[PDB]
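One chain follows as structure tokens, the form deposited in one PDB entry.
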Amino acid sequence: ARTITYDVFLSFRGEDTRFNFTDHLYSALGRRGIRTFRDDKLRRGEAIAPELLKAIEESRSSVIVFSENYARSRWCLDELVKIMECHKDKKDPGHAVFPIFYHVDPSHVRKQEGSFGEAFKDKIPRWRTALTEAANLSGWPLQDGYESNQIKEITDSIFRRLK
């Protein structure tokens, strides 16, 4: 099998979900022994760090925390493109993808597939494909609930599917 260094690459829009959903999700994954690389520990900039791309290639799966502004970030969308390329290309093992819809409807994320104009021309085709594929995978469509228990259910389900 190919070389795997993490169970989960965690992709998210920090301004939306770092406080506290994704911070708590990251900790909860680790407490379950789910080895996770979170995407926000590297200095940002105009270009995505090559070390981020390598972490995606080295992970068994990605968890995407969709939120209102995830599809409104070039950074997030460029990560998503790499994640979905690995989901299509990687083998033995594959690269699984698990979307969380955090207080945003899947239909709303789908509608953002056509809204790359109002959000911001050679990148948009690839962004649209990756966003479409990811929004269509089976995941967790969260409404306003008890967040600690939502995270418990999500991490237990990731545990069952991975570990």
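Here, rigid core means the biggest group of C-alpha atoms that superpose within 1.5 Å across both forms. In this text, residue numbers run from 1 along the sequence as written.
Separately, the form deposited in another entry exists; it is not shown, and the next lines address it.
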With the core superposed, a Cα shift of 2 Å or more between the shown form and the other one singles out one residue among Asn69, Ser27, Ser115, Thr129. Which one is it? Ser115
Relative to the superposed rigid core, does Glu58 relocate between the shown form and the other one - that is, does its Cα move 2 Å or more? no
After a core superposition, would you say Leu42 shifts its C-alpha by at least 2 Å between the shown form and the other one? yes
Direction of the Cα shift between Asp40 and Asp78 in the other entry, where the change is 3 Å or more: farther
With a difference of at least 3 Å, the CA distance of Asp40 and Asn136 in the other entry shows the atoms farther
